[PDB]
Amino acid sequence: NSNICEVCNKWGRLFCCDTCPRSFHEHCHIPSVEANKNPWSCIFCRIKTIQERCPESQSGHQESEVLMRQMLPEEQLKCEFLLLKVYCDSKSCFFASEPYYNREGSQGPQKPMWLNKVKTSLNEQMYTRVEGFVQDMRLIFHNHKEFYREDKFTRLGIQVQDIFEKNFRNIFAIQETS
């Protein structure tokens, strides 16, 4: 197994996957690494199993249909993985914790949002459809763009949103377009 966390690329107290070489800190994995279970399979393995059990699940889908899906176990998992994929980028540090807004010439957003809040909301099963999760994720980046205006710092929102969106298309097998 790897000697660094797959998500944050640091060493420390790591839990190893039994079915692939990845390793995780406890609260870097999503959901948090489970107490018992031997063997244990990580989220990457669990997602691969879904695909292998239903190869047709990788045929293209319309985003509008994906968003209206109910958060049953498999969609719950897919959202957990998509969230994990954003945490895997180091630039997620800017969006992880609760932000605050005091900048000359800007007003803070009406509905602040951050990745740890989405993490908790998933953990507490507060989303009933994929749409709920996706709207909150997109809101993180949209609030950032709007607040930072012409500051070049706005680019961090663009960058991390692109990671999100690419992984969304991959995980939920959105029909490729030009």
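Numbering starts at 1 and follows the sequence shown.
Of the two segments, 88-96 and 102-110, the one listed with the higher mean B-factor is 102-110 (C-alpha atoms only). Between 125-133 and 149-157, it is 149-157 that carries the larger average Cα temperature factor according to the deposited entry. The PDB entry assigns the greatest CA B-factor among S41, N143, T120, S64 to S41. Of the candidates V33, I47, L115, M68, the one whose C-alpha carries the top B factor in the deposited record is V33. Sort the chain's modelled residues by C-alpha temperature factor and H29 lands in the middle third, per the entry.
Among the modelled residues of its chain, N9 has a C-alpha B-factor that falls in the highest third, as given in the PDB entry.
When the modelled residues of the chain are ordered by their C-alpha B factor, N170 lands in the middle third.
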